[PDB]
Amino acid sequence: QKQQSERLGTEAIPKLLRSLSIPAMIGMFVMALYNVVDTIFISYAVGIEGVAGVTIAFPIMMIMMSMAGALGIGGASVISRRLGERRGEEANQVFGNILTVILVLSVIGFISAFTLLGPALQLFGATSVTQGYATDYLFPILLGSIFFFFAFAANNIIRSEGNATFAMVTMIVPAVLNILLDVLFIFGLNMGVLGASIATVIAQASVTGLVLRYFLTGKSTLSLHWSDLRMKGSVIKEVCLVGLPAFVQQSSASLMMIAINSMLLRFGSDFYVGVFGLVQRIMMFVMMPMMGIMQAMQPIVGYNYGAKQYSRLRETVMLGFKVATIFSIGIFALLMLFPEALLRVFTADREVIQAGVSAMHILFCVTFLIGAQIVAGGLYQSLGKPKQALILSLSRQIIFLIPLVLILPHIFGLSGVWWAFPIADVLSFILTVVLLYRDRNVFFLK
Numbered sequence: 003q004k005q006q007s008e009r010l011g012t013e014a015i016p017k018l019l020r021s022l023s024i025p026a027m028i029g030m031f032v033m034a035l036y037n038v039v040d041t042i043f044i045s046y047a048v049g050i051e052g053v054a055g056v057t058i059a060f061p062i063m064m065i066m067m068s069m070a071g072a073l074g075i076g077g078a079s080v081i082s083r084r085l086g087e088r089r090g091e092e093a094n095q096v097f098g099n100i101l102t103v104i105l106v107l108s109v110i111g112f113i114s115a116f117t118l119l120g121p122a123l124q125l126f127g128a129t130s131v132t133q134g135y136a137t138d139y140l141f142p143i144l145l146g147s148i149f150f151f152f153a154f155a156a157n158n159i160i161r162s163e164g165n166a167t168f169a170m171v172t173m174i175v176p177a178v179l180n181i182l183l184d185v186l187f188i189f190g191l192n193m194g195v196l197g198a199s200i201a202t203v204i205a206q207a208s209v210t211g212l213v214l215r216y217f218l219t220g221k222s223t224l225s226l227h228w229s230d231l232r233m234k235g236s237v238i239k240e241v242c243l244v245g246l247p248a249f250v251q252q253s254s255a256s257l258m259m260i261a262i263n264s265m266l267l268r269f270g271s272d273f274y275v276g277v278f279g280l281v282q283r284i285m286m287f288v289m290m291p292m293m294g295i296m297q298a299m300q301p302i303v304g305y306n307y308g309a310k311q312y313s314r315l316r317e318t319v320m321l322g323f324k325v326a327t328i329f330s331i332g333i334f335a336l337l338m339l340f341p342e343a344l345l346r347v348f349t350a351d352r353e354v355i356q357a358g359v360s361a362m363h364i365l366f367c368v369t370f371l372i373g374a375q376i377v378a379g380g381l382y383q384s385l386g387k388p389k390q391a392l393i394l395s396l397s398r399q400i401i402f403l404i405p406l407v408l409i410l411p412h413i414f415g416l417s418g419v420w421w422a423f424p425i426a427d428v429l430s431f432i433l434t435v436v437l438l439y440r441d442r443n444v445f446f447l448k
C-alpha cells in the first residue's frame with residue numbers, strides 16, 4: 003500500500019493503450035536512428051573492418067542486457083501484479099532488491115572486462131583487424147556496464163509502473179547525446195570505435211544521472227526508497243522466476259547469432275557481416291510497430307490482473323491482438339511489394355535482386371501470423387506465469403527452428419534456409435493458438 007501517483011491506474015482502457023504504445027514507438031524508433039546515424043559513421047572514420055568489429059562484439063553486449071532484461075521484465079511483471087493487487091510496498095521492495103542483482107552484475111562485467119573479453123572475442127572468426135576493433139568496442143562498454151544495466155532496468159520498471167513518457171526521455175536522450183557525442187569523438191576528434199564506445203558510455207552516464215531524479219528527486223510515479231530499502235529479497239527468486247523465459251529469449255537468438263555471424267566469418271571475412279548487421283535493423287525497425295504495441299500492455303494487462311477489473315483486461319488482450327494483427331498483415335504486405343526498393347539499398351547484381359529477394363519473398367508469408375504469436379508472449383509475461391511462455395519461446399526460437407534448419411541442411415539446400423523459417427514460425431503460431439484455448443482465461447470474452 004502506497005501513494006498511486008498521478009500516472010494512470012485510471013481504467014481509461016483503449017487509450018490507455020493508445021497513449022501507452024506511442025511512447026515506446028517513438029524513442030524505440032529514435033534510438034534505432036542512433037544506430038544508423040552512428041554506424042554510418044563507423045563506416046567512415048573506419049571502413050567495414052570494424053562495422054564488423056561491432057557486429058562480432060554485439061551478442062556479447064546482448065549477453066548482459068538479457069540478464070538485466072530478465073531482471074528488468076521480472077521487475078515490470080512483478081510490480082504490475084503488485085499495484086492492482088495493490089501490495090503497494092512490495093513494489094518499493096522489489097525495485098531496489100533488483101538493483102542488487104544488477105549492481106552485482108554491473109561488476110561481474112567490470113570484472114569480465116579485465117578478464118573474459120579477448121578470450122571469448124577471438125573465440126570465433128577473429129580477423130586481426132576486426133579483433134582489435136571489437137576489443138576496442140567491448141572494453142569501454144563494460145567499464146562501463148553499470149550505467150548500461152541500471153538504465154535498462156530503469157526503462158523497464160518505469161514502463162512497469164506507467165511512465166512511458168519519461169521513458170521516451172530515457173531513450174530520446176542518449177540518442178540525441180549519442181549522436182552529437184559521437185561526431186564529437188569518432189569524426190570530430192579521431193577516437194573512432196575506441197571512442198564511439200566511450201561516447202555510448204557518456205551516453206548511458208548522463209541518463210542514469212537523470213533516472214536517479216525520476217526515482218529520488220521528487221520521486222515520481224510510485225514506490226521508490228533509498229538508504230536501506232533493498233537488501234537481498236526472497237523475491238530475487240520471484241524475478242528470475244519471471245525473467246526466466248525473458249532471458250532465454252535473447253540468449254536464444256543472441257547465442258545462436260554468435261554462430262550465424264562467426265560461421266559467416268569463415269566465408270565472408272567482413273563484406274557479409276556488415277550485411278548481417280544491416281538486414282537486422284530492418285527487421286527490428288519494422289518490428290517496433292509491434293514491439294511497441296507489446297510494451298503498452300506490458301503493464302496495462304498488469305494492474306488489472308492484480309485483483310482488479312478482469313472484465314477490462316480481456317478488453318486489452320483482445321484489442322492488443324486486434325491491433326498487432328492489422329500491423330501483422332501490415333509489415334507483411336509492405337514486406338512483400340517493396341522488397342525491391344529495400345533491395346535497392348542492396349543494389350548490386352540482378353541476381354542480388356533475384357535469390358537475394360527470392361528469400362525476402364515467401365520467407366515472410368508468416369509475418370501476418372506473427373502478430374499474436376508475439377502478443378501471446380507478453381500476456382504470459384505480464385501475468386507472472388512465464389512457464390507457458392517459457393514453453394512457448396523455446397518452441398519459436400530453438401526446438402523447432404534448428405531441428406528444421408538441421409533437418410533441411412542435412413542436404414535439402416538454401417531451401418533449408420527457406421522452409422526452415424516460414425514453416426517453423428507457423429507451428430510456433432499453431433502452438434500459440436493452442437496455448438490460448440489452453441486458457442479460455444486470458445481471453446474469456448469471444
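Per the entry's author numbering, the sequence shown runs over residues 3 to 448.
Beta carbons are placed, not taken as given, at the ideal position from N, Cα and C, and that holds for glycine.
Buried/exposed call for residue i, threshold 16 Cβ in 10 Å
| i | result |
| --- | --- |
| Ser417 | exposed |
| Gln375 | buried |
| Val436 | exposed |
| residue 2 | This structure does not reach residue 2, given that the chain is present from 3 up to 448, and the question cannot be answered. |
| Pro405 | exposed |
| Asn158 | buried |
| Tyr46 | exposed |
| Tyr312 | exposed |
| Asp230 | exposed |
| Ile42 | exposed |
| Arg232 | buried |
Secondary structure of residue i, DSSP reduced to three states
| i | result |
| --- | --- |
| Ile413 | coil |
| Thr129 | coil |
| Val368 | coil |
| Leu218 | coil |
| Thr223 | coil |
| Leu381 | coil |
| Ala357 | coil |
| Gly386 | coil |
| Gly71 | helix |
| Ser397 | helix |
| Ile284 | coil |
| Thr202 | helix |
| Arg352 | coil |
| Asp272 | coil |
| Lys324 | helix |
| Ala14 | coil |
| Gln375 | helix |
Span of the alpha helix (DSSP H), counted from its first residue to its last, around residue i
| i | result |
| --- | --- |
| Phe151 | 147 to 163 |
| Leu447 | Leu447 -> no alpha helix (DSSP H), and no H or E assigned at all. |
| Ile260 | 238 to 264 |
| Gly235 | Taken as a continuous stretch (DSSP letters only), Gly235 belongs to no alpha helix (DSSP H), as it is neither H nor E. |
| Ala169 | 166 to 185 |
| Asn37 | 18 to 44 |
| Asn99 | 90 to 115 |
| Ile432 | 424 to 439 |
| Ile333 | 330 to 336 |
| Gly197 | 195 to 199 |
| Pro121 | 119 to 124 |
| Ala343 | Counting along the chain, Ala343 falls outside any alpha helix (DSSP H), and DSSP gives it neither H nor E. |
| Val48 | Element bounds for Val48: n/a, residue is neither H nor E. |
| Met290 | 290 to 305 |
Residue i beta carbon near the ligand FMN (any heavy atom closer than 7 Å)
| i | result |
| --- | --- |
| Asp351 | Among the ligands in the structure shown, none appear at all, so the ligand FMN cannot be discussed. |
Residues of its chain near residue i, where Cβ-Cβ distance is below 8 Å and the 5 sequence neighbours each way are ignored
| i | result |
| --- | --- |
| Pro61 | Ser256, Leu257, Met259, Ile260, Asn263 |
| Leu381 | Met299, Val303, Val319, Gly322, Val444 |
| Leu433 | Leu394, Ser397 |
| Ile400 | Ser254, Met258 |
Close beta carbons around residue i, own chain, < 7 Å, minus the five adjacent residues each side
| i | result |
| --- | --- |
| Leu145 | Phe112, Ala115, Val203 |
| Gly120 | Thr137 |
| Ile28 | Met170 |
Other residues of its chain near residue i: CB distance less than 6 Å, five sequence neighbours each side excluded
| i | result |
| --- | --- |
| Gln383 | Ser79, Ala391 |
| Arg84 | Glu92, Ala93 |
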